[PDB]
Enquirer: 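What follows is a single structure, and I will ask about it in a moment.
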Amino acid sequence: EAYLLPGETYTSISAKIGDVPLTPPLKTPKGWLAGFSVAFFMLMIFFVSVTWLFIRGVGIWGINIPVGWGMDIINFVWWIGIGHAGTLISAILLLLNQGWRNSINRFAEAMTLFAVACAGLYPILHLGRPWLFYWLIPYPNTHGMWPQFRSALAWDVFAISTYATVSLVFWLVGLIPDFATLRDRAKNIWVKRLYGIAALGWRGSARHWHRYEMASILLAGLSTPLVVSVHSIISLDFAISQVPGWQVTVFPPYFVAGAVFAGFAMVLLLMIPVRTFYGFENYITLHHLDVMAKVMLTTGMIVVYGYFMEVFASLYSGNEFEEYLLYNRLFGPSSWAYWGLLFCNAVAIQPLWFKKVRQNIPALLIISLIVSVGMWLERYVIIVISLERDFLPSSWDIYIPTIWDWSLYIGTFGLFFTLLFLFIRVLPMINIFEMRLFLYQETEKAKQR
Amino acid sequence: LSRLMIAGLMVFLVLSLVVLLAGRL
Amino acid sequence: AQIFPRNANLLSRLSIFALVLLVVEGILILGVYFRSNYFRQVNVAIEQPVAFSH
Amino acid sequence: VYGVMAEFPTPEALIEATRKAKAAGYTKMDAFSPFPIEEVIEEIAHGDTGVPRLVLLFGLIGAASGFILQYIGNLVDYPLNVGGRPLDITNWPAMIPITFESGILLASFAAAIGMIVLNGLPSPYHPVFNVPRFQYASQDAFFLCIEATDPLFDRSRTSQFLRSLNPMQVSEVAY
Amino acid sequence: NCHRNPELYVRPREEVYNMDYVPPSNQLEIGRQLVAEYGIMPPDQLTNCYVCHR
Amino acid sequence: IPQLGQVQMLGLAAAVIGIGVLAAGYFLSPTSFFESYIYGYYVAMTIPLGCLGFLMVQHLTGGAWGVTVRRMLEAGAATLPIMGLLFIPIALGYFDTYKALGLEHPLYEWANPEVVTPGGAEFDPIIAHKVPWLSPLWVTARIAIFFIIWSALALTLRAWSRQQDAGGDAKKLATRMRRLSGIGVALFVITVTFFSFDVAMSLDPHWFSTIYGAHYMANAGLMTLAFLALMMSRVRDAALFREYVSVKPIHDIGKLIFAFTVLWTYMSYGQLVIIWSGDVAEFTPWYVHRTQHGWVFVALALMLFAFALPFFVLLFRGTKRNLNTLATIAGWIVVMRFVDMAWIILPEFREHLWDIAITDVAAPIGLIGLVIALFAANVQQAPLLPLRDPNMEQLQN
Amino acid sequence: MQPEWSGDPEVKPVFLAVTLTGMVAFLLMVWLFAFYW
Ligand SMILES: CCCCCCCCCCCCCCC(=O)OC(COC(=O)CCCCCCCCCCCC(C)C)COC(=O)CCCCCCCCCCCC(C)C
Ligand SMILES: CCCCCCCCCCCCCCC(=O)OC[C@H](COP(=O)(O)OCCN)OC(=O)CCCCCCCCCCCCCC
Ligand SMILES: CCCCCCCCCCCCCCCC(=O)OC[C@H](COP(=O)(O)OCCN)OC(=O)CCCCCCCCCCCCC
Ligand code: HEC
Ligand SMILES: CCCCCCCc1cc(O)c2ccccc2[n+]1[O-]
């Protein structure tokens with residue numbers, strides 16, 4: 001297939017992308033209105049859950065003395081791992097010179113920013129004394145105190161702050177000539193200045209385009225090891241511990257693979273309604289869905305290899321705690337998570353080898369939803385089951401989540417979808433430039449035969 | 001214009017010294 | 001030139017400068033308030049029910 | 001007064017006009033397009049951008065500051081025994097992540113702010129927007145402006161040369 | 001500050017209730033002498049958390 | 001063809017020298033002959049396994065660098081049956097025929113009946129716990145199955161490429177090797193990880209690591225990428241790369257080398273920080289053995305010359321756009337990979353930095369000379385680039 | 001290539017203004033966080 005369907009011009013690309021924003025608010029579609037109403041209702045659920053958490057304590061959740069990390073940390077790793085694929089499309093595909101990033105990178109990087117926004121509250125939300133998140137930051141105080149910096153949560157402070165900041169910076173840099181296009185295409189004189197001050201007078205200059213391309217290349221070549229280091233550090237906040245399910249040394253590439261897996265699951269699950277509800281079949285194509293499912297299949301195979309590595313470590317070790325970790329995962333009180341994980345991450349990916357299933361849209365939607373559920377189950381298996389049964393059998397208990405961490409999860413879903421619907425209202429879903437540049441590159445390829 | 005930067009820096013410095021003196025008030 | 005006036009470049013540069021200075025001034029105001037003698041009750045004659053004279 | 005620019009319908013005509021203007025000896029010229037033509041930059045903006053030197057400098061500054069902050073804070077300013085871990089350069093693991101993240105942060109700040117400053121982007125009001133057809137310069141229109149800082153510049157002769165390049169429209173752009 | 005550098009603030013133990021006592025011109029040599037004389041612990045011991053907090 | 005013959009006779013001479021010095025050292029220490037041969041095999045397997053791995057990666061993700069180095073990757077990966085034939089000394093080392101070959105106690109710790117059987121002299125219970133998995137019969141069967149998989153995969157990919165060059169549809173005989181590469185990347189990852197396990201980590205069964213094997217994959221990838229840079233610099237005047245190959249495959253190869261130098265130090269540092277921060281005595285003796293008796297100097301040299309020097313000289317655009325500078329950096333990199341596999345494997349035998357013999361440098365140099373000669377003989381049988389390929393348009397840039 | 005503002009007489013005044021602002025803010029933060037008490 002092709003990554004750009006024939007019959008497109010630069011002005012047609014500019015009109016077809018920038019006419020979904022810049023419409024008057026009275027002409028807002030009812031589908032957007034219904035989705036934003038659902039997102040705002042779940043954001044009200046988020047506000048109620050956060051207010052009751054701050055009023056009562058972190059004891060409204062199911063966390064206890066052996067399992068001190070529960071659904072809060074599961075949803076933290078889940079939401080922070082959603083953003084890896086958007087950072088991959090924005091940076092690693094720019095490094096690799098892959099032409100399919102040009103129509104998915106804006107929405108995917110916006111999804112990365114909103115997933116990091118949802119996952120950055122989770123440390124502050126689970127913290128137990130939430131107003132002292134700044135004591136983890138190295139800041140000057142009258143005590144002379146410092147963060148330890150040997151723990152992985154200080155690395156998490158630096159990694160999450162750097163990931164959010166550099167992702168927002170690279171997204172705004174990728175938006176600046178789109179801001180120029182919206183400033184040019186606007187009609188009302190007062191919404192010209194809304195995108196004019198964000199475009200900063202871009203002008204499309206070829207001298208400016210050289211520095212822009214160099215800055216985008218260097219930002220991609222800094223954001224690839226940035227995102228690998230961020231997900232390695234989020235692996236390390238279990239892997240530096242002595243917990244038998246957590247002292248596993250393949251966790252940094254395993255967590256990188258799991259984050260890219262869940263990220264492209266969410267990316268496909270949000271491209272497909274955007275592709276079928278906006279006129280983006282020429283831009284987001286069946287080849288785009290095919291290659292995104294191919295990267296899903298590859299990274300899910302790496303996660304299956306990580307499962308095999310953990311099972312091999314448990315069987316190969318003579319260690320009773322590794323043996324009981326495998327036994328507890330297979331036949332424990334929380335073995336439902338491991339068995340559903342095996343079904344949702346191993347059985348459901350063997351259809352993705354097949355070309356017809358890879359090209360099929362509802363099969364891709366079902367597979368992406370199953371992979372998201374199974375990745376939540378993976379983070380449950382990593383955290384909760386390993387914390388449930390530990391070295392001393394007297395300190396064994398079961399983790400039962402309450403209604404309040406589920407309500408907080410539904411609320412962060414609503415916050416993510418509220419931010420996404422605001423993004424698709426006021427900003428283009430796909431990059432106006434670099435897709436007309438993609439059209440020019442495909443025209444040059446056709447001229448070169 | 002660098003002169004407006006210098007004037008804004010002077011205003012910021014004067015206001016910050018007033019803030020420090022009010023801290024030691 | 002189509003939308004923004006002539007002084008928009010100087011206004012935008014001065015806006016970036018004033019935003020950075022405002023962030024620095026806010027951090028400074030927070031630090032001075034948390035170290036101030038009023039907040040820490042330093043060098044203030046705390047009144048007693050008898051006004052005992054050391 | 002600022003310069004003379006000409007409008008072109010296709011990037012191939014923009015490439016040909018930028019090649020013909022550079023062959024006539026015109027320097028200090030800029031071309032405006034909705035996307036990087038490249039076949040114009042290699043001619044009118046060839047050289048070092050100045051971004052990667054700043055990126056390398058502030059990445060080194062960030063890595064050095066991220067190591068020095070952890071070293072001073074955990075080892076010099078406040079020597080604390082946590083977990084039996086070393087109190088010297090043997091504690092070089094668990095300094096690499098914050099060192100690397102600080103280096104990445106300041107290098108990406110260098111990339112962004114250095115590009116924005118170095119291309120002179122912080123100039124929303126530009127003389128080039130005085131042309132009423134420059135609104136389409138991000139909506140499939142292509143321009144090539146020969147600035148007044150060129151030595152062999154004349155308001156009539158440059159306009160005649162650009163008209164001899166067979167354009168769509170020549171506009172004498174003002175300040 | 002005084003738990004890490006007590007020699008700038010230590011005094012003969014017999015000049016503690018004397019409000020007229022001022023430290024001498026040098027004070028560092030006699031501060032080290034009084035720290036060694038009274039067996040004042042190193043800053044690691046004096047900067048331990050459970051010295052103060054509990 | 002002249003430069004291919006020059007590197008072929010260079011590898012033949014290096015192989016003759018290495019095998020001669022190794023056979024001279026065998027008569028003075030037949031144990032250390034096989035202990036150095038294990039390290040030489042681990043070094044010399046970094047090239048053909050990495051060639052098969054990037055052959056499948058470039059088949060899945062096409063590129064100008066991929067069609068530039070594709071026939072070199074086929075020639076490197078076609079040497080894997082000869083590597084299967086060369087694994088036989090290690091297998092005879094850990095079989096029951098160790099007594100007839102001068103080696104006094106068997107080559108691996110799980111080949112000892114006194115260790116893996118109860119009532120023996122040593123009877124290590126952890127190694128006796130791994131007695132079915134870490135047995136000579138099971139290990140030989142697993143590594144032979146891995147050789148069969150690698151040989152069938154590489155021979156099928158090379159045969160399909162040669163059929164595409166000779167006669168047939170170029171588009172139809174590209175989807176077949178793309179699908180074979182798609183299943184072969186997963187098979188290659190699990191197969192190379194378990195091969196690296198059973199060859200290197202099975203020396204000391206007291207210590208296990210799950211990022212091992214994939215760290216060996218990054219090591220082998222960096223080794224064969226610098227190998228590709230050196231060979232690409234050697235064949236730059238061959239009347240096939242003068243017309244169709246420009247500086248953009250060189251730039252892509254240098255970017256891949258820089259990226260996998262960063263990836264190798266990532267897979268080393270992740271394991272190091274996990275074992276260092278989680279102070280468990282099941283894992284810390286590895287870094288104790290890799291730090292004590294002068295091995296901390298080799299670890300610091302790996303920090304300084306395998307990461308800090310190529311990271312800084314490969315960060316510049318001009319040093320990877322030039323084949324001479326890329327070849328010099330690639331030679332320094334393959335020297336540092338020799339040092340890295342030394343630091344990984346040789347603490348399991350020598351125990352001291354000053355206990356390194358001349359067999360420990362004779363075995364990898366001679367066996368990589370054999371790899372050089374076999375690769376040159378295989379690339380002399382084919383054109384250097386797939387002219388009748390759909391991805392030939394990527395070379396036009 | 002040369003930067004955009006190359007040859008402008010305001011470039012070194014604005015660089016001295018930015019560096020003066022940075023050093024004044026740095027010294028003021030150092031005073032507040034180290035020599036204030
Ligand atoms: C255990 C710790 C490991 C340390 C990891 C260090 C990796 C950091 C690399 C950053 C990417 C910059 C490449 C720029 C670029 O795009 O290069 C261009 C050529 O253009 C240029 O001229 C270069 C532009 C400026 C470069 C200066 C960089 C500043 C210094 C970085 C600050 C870090 C600190 C620590 C000094 C073309 O080259 C490429 O595009 C190649 C990109 C390769 C990506 C590497 C992917 C590896 C992923 C693994 C990550 C490992 C974990 C541990 C981080
Ligand atoms: C995901 C976390 C790790 C990311 C590391 C990836 C490496 C990023 C930086 C390396 C850049 C490589 C140079 C650029 C390049 O050659 O790639 C683009 C290439 C060619 O594209 P054309 O220009 O020819 O045009 C084609 C479309 N018009 O496209 C490719 O073929 C991609 C190359 C594949 C990269 C293989 C990396 C795999 C990483 C494996 C990590 C090991 C895992 C161990 C468990
Ligand atoms: C010893 C050597 C190392 C071998 C490493 C093997 C293990 C690594 C996995 C292999 C990665 C290959 C990705 C293949 C996915 C794919 O098929 O996509 C192909 C795309 C585009 O291809 P198109 O358009 O359809 O056709 C081109 C041919 N005409 O190419 C790409 O570049 C996308 C690949 C992006 C890589 C992301 C996956 C990285 C895994 C993450 C985990 C890593 C842990 C650190
Ligand atoms: C210098 C004027 C000091 C200040 C300010 C504070 N402390 Fe102190 N402290 C000081 C000395 C000379 C010593 C003697 C201990 C020794 O071994 O010489 C101490 C010790 C204490 C202790 C005793 C605990 C122990 O010695 O194990 C306590 C509980 C203690 N200091 C508390 C304390 C607190 C809470 C302070 C802040 C208000 C404080 N000290 C300030 C000298 C000085
Ligand atoms: C200002 C940025 C700070 C926000 C991130 C805080 C870091 C942080 C703090 C915690 O207490 C954690 C506990 C479990 C898992 C991750 C954690 N992270 O990442």
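Residue numbers start from 1 in every chain, and the chains themselves are labelled A, B, ... in the order their sequence lines are given, proteins ahead of strands. Just so you know, these numbers use all the heavy atoms, side chains as well, and skip hydrogens, waters and symmetry mates.
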Enquirer: If you count heavy atoms of other groups shown closer than 6.0 angstrom to CZ of D/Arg157, is the number above 12?
Expert: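 More than 12 within 6.0 Å, yes.
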Enquirer: I'd like to check D/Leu121 versus A/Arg211 (side-chain heavy atoms, cut-off strictly below 4.5 Å). Are they in contact?
Expert: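 No, too far: nothing below the 4.5 Å cut-off.
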Enquirer: Is it the side chain or the backbone of A/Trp209 that comes within 4.5 Å of chain D heavy atoms, both, or neither?
Expert: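 Answer is both: backbone and side chain atoms of A/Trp209 are under 4.5 Å from chain D.
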Enquirer: Is A/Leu218 in contact with chain D via its backbone, its side chain, both, or neither, using a 4.5 Å heavy-atom distance?
Expert: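 Answer is side chain: those atoms of A/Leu218 sit under 4.5 Å from chain D.
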Enquirer: Which residue out of D/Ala94, D/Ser33, D/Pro124, D/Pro36 racks up the most heavy-atom pairs below 4.5 Å with chain A?
Expert: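 Looking at each option in turn, the highest pair count goes to D/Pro36.
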Enquirer: Where on A/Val157 is there a heavy atom nearer than 4.5 Å to chain D: the side chain, the backbone, both, or neither?
Expert: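 When you check distances to chain D, no heavy atom of A/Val157 falls under 4.5 Å.
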Enquirer: Check whether A/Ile13 gets within reach of chain D through its side chain, its backbone, both or neither, counting any heavy atom under 4.5 Å.
Expert: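 Looking at A/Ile13, nothing touches chain D.
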Enquirer: List the atom of D/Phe129, the atom of A/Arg203, and the distance in Å for their closest heavy-atom pair.
Expert: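 Minimum heavy-atom separation between D/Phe129 and A/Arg203: CZ-CG, 3.7 Å.
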Enquirer: With a 3.5 Å cut-off and sequence neighbours excluded, list the donor-acceptor pairs that the side chains of residues 168-175 of chain D form with protein atoms.
Expert:
| unit_1 | atom_1 | unit_2 | atom_2 | d |
| --- | --- | --- | --- | --- |
| D/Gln169 | OE1 | D/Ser171 | OG | 3.2 |
| D/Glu172 | OE1 | D/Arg155 | NH2 | 3.0 |
| D/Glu172 | OE2 | D/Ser159 | OG | 3.4 |

Enquirer: Quick one, D/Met115 with A/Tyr212, criterion side chain to side chain contact (heavy atoms under 4.5 Å, CB included). Give me CA distance, side-chain angles, the key distance, then yes/no.
Expert: CA-CA 7 Å; D/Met115 185 254 291; A/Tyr212 190 84; 3.7 Å; yes
Enquirer: If I measure from the heavy atoms of chain D, does A/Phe170 come under 4.5 Å with its side chain, its backbone, both, or neither?
Expert: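 Contact with chain D is absent: no heavy atom of A/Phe170 under 4.5 Å.
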Enquirer: Show me the side-chain donor-acceptor pairs of residues 136-147 of chain D shorter than 3.5 Å, one per line, residues at least two apart or across chains.
Expert:
| unit_1 | atom_1 | unit_2 | atom_2 | d |
| --- | --- | --- | --- | --- |
| D/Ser138 | OG | A/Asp184 | OD2 | 2.4 |
| D/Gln139 | OE1 | A/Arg185 | N | 3.4 |
| D/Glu147 | OE2 | A/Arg207 | NH2 | 2.8 |

Enquirer: Using non-hydrogen atoms and a 4.5 Å limit, figure out which bit of D/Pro52 sits close to chain A: side chain, backbone, both or neither.
Expert: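 Both parts, backbone and side chain.
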Enquirer: Tell me if the CD atom of D/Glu16 is crowded by more than 12 foreign heavy atoms within 6.0 Å.
Expert: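 Counting other residues, nucleotides and ligands, CD of D/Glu16 stays at 12 neighbours or fewer.
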Enquirer: Is chain A contacted by the side chain of D/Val51, its backbone, both, or neither, given a heavy-atom distance below 4.5 Å?
Expert: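 For D/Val51, heavy atoms of backbone and side chain both lie under 4.5 Å from chain A.
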Enquirer: Who among D/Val128, D/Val40, D/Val82, D/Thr18 has the most heavy-atom pairs with chain A under 4.5 Å?
Expert: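 Looking at each of D/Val128, D/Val40, D/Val82, D/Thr18 in turn, D/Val82 comes out on top.
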Enquirer: What part of A/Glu444 gets within 4.5 angstrom of chain D, counting heavy atoms only: side chain, backbone, both, or neither?
Expert: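 It is the side chain, since no backbone atom gets that close.
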Enquirer: What part of A/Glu213 lies closer than 4.5 angstrom to a heavy atom of chain D: side chain, backbone, both or neither?
Expert: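 Side chain of A/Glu213 only, per the 4.5 Å heavy-atom cut-off to chain D.
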Enquirer: So which part of D/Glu39 gets closer than 4.5 Å to some heavy atom of chain A, the side chain, the backbone, both or neither?
Expert: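 Just its side chain gets close to chain A.
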Enquirer: Can you measure from CD (D/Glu101) to OG (A/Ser161) and round to the nearest 0.5 angstrom?
Expert: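 Here the rounded value is 9.0 Å.
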Enquirer: What part of A/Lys192 lies closer than 4.5 angstrom to a heavy atom of chain D: side chain, backbone, both or neither?
Expert: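 Contact with chain D involves no heavy atom of A/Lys192 at all.
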Enquirer: Quick check on A/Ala199 against chain D: is it the side chain, the backbone, both or neither that has a heavy atom closer than 4.5 Å?
Expert: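 Backbone only.
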Enquirer: Can you tell me which of D/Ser108, D/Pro122, D/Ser102 forms the most heavy-atom pairs within a distance under 4.5 Å of chain A?
Expert: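 That would be D/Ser108.
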Enquirer: Check each atom of D/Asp48 against the heavy atoms of chain A and say whether the ones under 4.5 Å are side chain, backbone, both or neither.
Expert: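 It is neither, since no heavy atom gets under 4.5 Å.
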Enquirer: Would you mind reporting whether A/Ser205 and D/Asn119 have side-chain heavy atoms less than 4.5 Å apart?
Expert: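 Not in contact.
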Enquirer: Could you look at A/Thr162 and say if it's the side chain, the backbone, both or neither that has a heavy atom under 4.5 Å from chain D?
Expert: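 Both backbone and side chain.
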Enquirer: Would you indicate whether D/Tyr26, at its atom OH, is surrounded by more than 12 heavy atoms from other residues, nucleotides or ligands within a distance under 6.0 Å?
Expert: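 Count over threshold, so yes.
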Enquirer: Can you tell me which portion of A/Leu222 sits under 4.5 Å from chain D's heavy atoms? Options are side chain, backbone, both or neither.
Expert: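 For A/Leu222, heavy atoms of backbone and side chain both lie under 4.5 Å from chain D.
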Enquirer: Does any heavy atom of chain A fall under 4.5 Å from the side chain of D/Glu12, the backbone, both, or neither of them?
Expert: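 Only the side chain of D/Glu12 comes within 4.5 Å of chain A.
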Enquirer: Go through A/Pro177, A/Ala180, A/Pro225 and name the one with the most non-hydrogen pairs under 4.5 angstrom from chain D.
Expert: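 When all of A/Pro177, A/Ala180, A/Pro225 are compared, A/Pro225 has the most.
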Enquirer: Tell me, for D/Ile116 versus chain A, whether the close heavy atoms (under 4.5 Å) come from the side chain, the backbone, both or neither.
Expert: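 D/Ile116 touches chain A through side-chain heavy atoms alone.
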Enquirer: Specify the closest pair of heavy atoms between D/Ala45 and A/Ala206, including all atoms of both residues, with the distance to one decimal.
Expert: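 Smallest heavy-atom distance, with atoms named: CB-O, 4.0 Å.
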Enquirer: Quick one: which of D/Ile104, D/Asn74, D/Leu105 has the most heavy-atom pairs under 4.5 Å with chain A, could you say?
Expert: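 If we count pairs closer than 4.5 Å to chain A, D/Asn74 comes out on top.
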